[PDB]
A.B. asks: 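Quick one: this structure, given as structure tokens, is what I'll be asking you about.
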Amino acid sequence: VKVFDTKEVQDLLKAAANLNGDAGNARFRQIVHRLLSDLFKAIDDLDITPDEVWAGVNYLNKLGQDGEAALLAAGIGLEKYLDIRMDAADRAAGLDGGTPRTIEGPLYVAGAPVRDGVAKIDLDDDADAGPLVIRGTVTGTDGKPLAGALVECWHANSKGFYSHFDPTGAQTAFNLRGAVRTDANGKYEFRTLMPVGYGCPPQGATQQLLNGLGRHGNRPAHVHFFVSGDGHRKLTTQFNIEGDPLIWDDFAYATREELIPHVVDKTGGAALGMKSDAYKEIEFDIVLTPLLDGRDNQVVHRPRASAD
Amino acid sequence: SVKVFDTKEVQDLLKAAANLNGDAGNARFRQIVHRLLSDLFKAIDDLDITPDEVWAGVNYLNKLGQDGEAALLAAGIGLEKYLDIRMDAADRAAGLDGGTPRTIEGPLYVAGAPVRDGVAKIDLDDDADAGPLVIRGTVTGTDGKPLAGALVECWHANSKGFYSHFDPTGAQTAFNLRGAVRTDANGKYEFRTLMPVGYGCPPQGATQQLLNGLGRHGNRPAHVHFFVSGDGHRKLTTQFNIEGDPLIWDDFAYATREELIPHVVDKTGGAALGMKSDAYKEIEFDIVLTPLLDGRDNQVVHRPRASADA
Ligand SMILES: [Ca+2]
Ligand SMILES: [Ca+2]
Ligand SMILES: [Ca+2]
Ligand SMILES: [Ca+2]
Ligand SMILES: [Ca+2]
Ligand SMILES: [Ca+2]
Ligand SMILES: [Ca+2]
Ligand SMILES: [Fe+3]
Ligand SMILES: [Fe+3]
């Protein structure tokens, strides 16, 4: 049957969203009515059965019980879609020359201590991960170095786990997470260990849905960044470790070709405090976009973990 | 505001995310996911829903599932009623619309209640504020013949609006106000119980949070739930509402139907029937079941349901 266009259904939708109610949150009612109407129309068009609907309802219970709604947002491409819309706005405004944005992901932790110029961020030993220096210069789109800019990074250990999200045992707070204020020449440096990619929690809601679709839930190795500075917008970006076999098959659709720097083999590591003489270096320069009339039209406020 | 939805980049992303071009798999599931994702992406584009708004919605889904309330929200935003609208439309087209009207199950059924022949007393815990209630009727098929050995199940709330197995103030006895009766040889069933009161959503929960955002209340008028089943017939999900409740036509879950508001009768002689006062109320609630079409029930619903041991 097809009932969506009937007066009874359209009246039910108006009542459910309270469109005819006292002055209230008009924007919220507008969004709820649109999403509910679309859901009801999809049920009608695809003849989605009650059994199917209740399985979807049960899935939402599991998704929130697992705390995975934001992981699903990444895995179904919603997070990338938000970036697509932000990129389209920037393109229409005539912006070019900044380091491309990519997705934040769900694993930022606020509160990492800020160091001047250089930070050593591997606090826990990890035998299987080799030493890695990440360094670069932050500039604006006019080419000038930005001094005192804040460069923040976070990444996984050799087992694919981040501090504050490790199910095998708590890591030291802020392991593999750091923040540096750039020096007078715009330079930042992190001394860390090499990340490995990772998958979704195998018994969790995100992987359950991916299994139903026939998709994997893995990401190639990467390092996340927030970069900010006076006069400039906040950049959310990352880079990927070159040569990872999943580099162009991220389940969260985050890879971009300008964000795959070369990895160089170096010596002299002990004098830098690294755990071996031989180490890898990645030079990742970053270009920030200026504010428009003092405003940042793309900074995102979302729930984020914190720690002391 | 940009419009990106109808670009190759977005359409390719949707196809990848739903794995439409993947190897042989669950085509139906992929089709549903692609449709829902596409509609969501299009709504974000059309209403210019900001990242901050999206992440607040994602956060809400986390809270909804942490609270275990997805099925309560399904009732509160009319989705559960909508499934009934579609089932009623299918019955009308098929000529299977001759039985007692259906209404929503709600999220509080519990499997495992004791079954009695003919008559069941289901108030296991005292409730000083609720008066005695007899519910009785006869189960027939659409041809009017009584159905012997049909299973009539009911469940309802206490005077505080709480159901056994879902009472946050303290555990009720297992299966308090929940029972099942096998009809007698003449189709009769009877429950002896106490009068229910209506109830609201958990005030700090996700469902009430969304309703508050819309400006809506989350209350239900007083009611009693039923499942009725029997060999050769479809399983009925229904309820009746207590006459005179001020919220009877303002249920937050949209479940009231004019055919399901029975006359309440004042009776005396309660002590002889094991009730706690001489005066009591009786509600007659007859049931007409539809015979199976082609030997299969195509409207029975499988969904997660609680269970317990008596
Ligand atoms: Ca330019
Ligand atoms: Ca250490
Ligand atoms: Ca460890
Ligand atoms: Ca549409
Ligand atoms: Ca008693
Ligand atoms: Ca009001
Ligand atoms: Ca007794
Ligand atoms: Fe990550
Ligand atoms: Fe109920």
Side-chain angles (χ1 to χ4, degrees), chain A residues 35 38-39 42-43 46 48-82 103-107 160 165 167 197-220 246 249-254 302, chain B residues 10-44 54-55 57-71 73-74 79 206 302-304:
Chain A
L35 294 182
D38 286 346
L39 176 60
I43 290 170
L46 277 61
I48 304 184
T49 68
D51 286 16
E52 285 166 334
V53 171
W54 293 117
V57 169
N58 185 63
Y59 177 80
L60 291 179
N61 277 327
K62 177 175 166 50
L63 180 69
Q65 180 61 226
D66 291 342
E68 279 189 32
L71 187 61
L72 180 62
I76 56 100
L78 174 58
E79 196 166 5
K80 173 63 179 171
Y81 183 59
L82 299 179
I103 71 173
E104 183 175 329
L107 308 180
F165 301 97
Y198 49 91
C200 289
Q203 304 305 324
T206 304
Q207 192 64 53
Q208 179 180 87
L209 178 147
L210 295 169
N211 289 344
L213 297 172
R215 287 181 54 209
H216 75 76
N218 298 314
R219 310 201 68 192
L246 288 176
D249 196 21
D250 184 7
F251 96 107
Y253 305 107
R302 60 188 281 190
Chain B
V10 171
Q11 294 304 312
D12 282 353
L13 178 61
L14 284 164
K15 288 173 187 175
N19 202 25
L20 295 194
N21 302 131
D23 303 334
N26 193 330
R28 169 72 168 171
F29 182 59
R30 294 173 181 173
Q31 181 195 24
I32 290 173
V33 171
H34 183 264
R35 171 61 178 270
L36 299 177
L37 288 181
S38 295
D39 290 341
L40 172 63
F41 283 25
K42 178 68 172 187
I44 289 169
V54 174
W55 292 118
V58 169
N59 185 245
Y60 178 79
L61 292 179
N62 275 329
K63 177 176 164 51
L64 179 65
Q66 184 54 51
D67 289 342
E69 281 188 27
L73 180 61
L79 174 59
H302 174 68
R303 60 189 281 191

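Numbers restart at 1 for each chain; the letters A, B, ... are given by sequence-line order, proteins then strands. For the numbers below, each heavy atom of this structure counts, side chains included, while hydrogens, waters and symmetry mates do not.
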A.B. asks: As a test of understanding, state which of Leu40(B), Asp39(B), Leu79(B) forms a side-chain contact (heavy atoms from CB on, under 4.5 Å) with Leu39(A).
C.D. replies: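 The option that passes is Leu79(B).
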A.B. asks: Tell me whether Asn19(B) contacts the main-chain N or O of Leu213(A) through its side chain, where contact means a donor paired with an acceptor under 3.5 Å.
C.D. replies: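 It does hold such a pair.
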A.B. asks: Working to the nearest 0.5 angstrom, can you tell me the gap between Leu35(A) CG and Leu36(B) CG?
C.D. replies: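 So the CG of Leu35(A) and the CG of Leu36(B) are separated by 11.0 Å.
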A.B. asks: If only atom types and distance count, is the side chain of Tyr81(A) paired as donor or acceptor with the main-chain N or O of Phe41(B) below 3.5 Å?
C.D. replies: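 Pair found, side chain donor or acceptor close to backbone of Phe41(B).
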A.B. asks: Does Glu69(B) offer a backbone N or O that forms a donor-acceptor pair with the side chain of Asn61(A) under 3.5 Å?
C.D. replies: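 Yes; at least one donor-acceptor contact below 3.5 Å.
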A.B. asks: Rounded to the nearest 0.5 Å, how far apart are NZ of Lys15(B) and CG of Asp12(B)?
C.D. replies: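 Atom-to-atom, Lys15(B):NZ and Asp12(B):CG are 6.0 Å apart.
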A.B. asks: Can you see which heavy atom on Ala17(B) is nearest to which on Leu37(B), and at what distance?
C.D. replies: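 So the two residues come closest at CB-CD1, 4.1 Å.
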A.B. asks: Out of curiosity, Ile76(A) CD1 to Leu71(A) CG, how far, rounded to the nearest 0.5 Å?
C.D. replies: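 Between atom CD1 of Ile76(A) and atom CG of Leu71(A) there are 10.5 Å.
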A.B. asks: If I compare all heavy atoms of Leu13(B) with all of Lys80(A), which pair ends up nearest, and what's the gap?
C.D. replies: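 Residues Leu13(B) and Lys80(A), closest heavy atoms: CD2-CG, 4.1 Å.
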A.B. asks: Can you name the closest pair of heavy atoms from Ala71(B) and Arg303(B) and give their distance?
C.D. replies: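 In this case the closest contact between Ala71(B) and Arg303(B) is CB-NH2, 3.8 Å.
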A.B. asks: Below 4.5 Å, heavy atoms only, C-beta onward: do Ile48(A) and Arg28(B) meet side chain to side chain?
C.D. replies: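 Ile48(A) reaches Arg28(B) side chain to side chain.
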A.B. asks: Say you draw a straight line from NE2 of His216(A) to CD of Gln207(A); how long is it, rounded to the nearest 0.5 Å?
C.D. replies: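 Result: 9.5 Å between the selected atoms.
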A.B. asks: Rounded to the nearest 0.5 Å, how far does CD of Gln31(B) lie from CG of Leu46(A)?
C.D. replies: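 That separation rounds to 4.5 Å.
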A.B. asks: Which atom names give the shortest non-hydrogen contact between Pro304(B) and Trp54(A), and what distance separates them?
C.D. replies: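 Heavy-atom minimum between the residues: CD-O, 4.4 Å.
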A.B. asks: Give me the atom names and distance for the closest heavy-atom approach of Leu61(B) to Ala69(A).
C.D. replies: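 That closest heavy-atom pairing would be CB-CB, 4.0 Å.
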A.B. asks: Taking side chain to side chain contact (heavy atoms under 4.5 Å, CB included) as the test, write out the residues that go with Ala18(B), two or more places apart.
C.D. replies: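 Per chain and number, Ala18(B) pairs via side chain to side chain contact (heavy atoms under 4.5 Å, CB included) with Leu20(B), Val33(B), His34(B).
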A.B. asks: Which atom pair, heavy atoms only, marks the closest approach of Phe251(A) to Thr206(A)?
C.D. replies: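 Nearest pair, atom of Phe251(A) first, then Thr206(A): CE1-CG2, 4.2 Å.
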A.B. asks: Measure the shortest side-chain to side-chain distance between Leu210(A) and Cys200(A) over non-hydrogen atoms and say whether it is less than 4.5 angstrom.
C.D. replies: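 Result yes, sub-4.5 Å side-chain heavy-atom pair found.
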A.B. asks: Out of curiosity, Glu79(A) CD to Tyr253(A) OH, how far, rounded to the nearest 0.5 Å?
C.D. replies: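 Here the interatomic distance stands at 13.0 Å.
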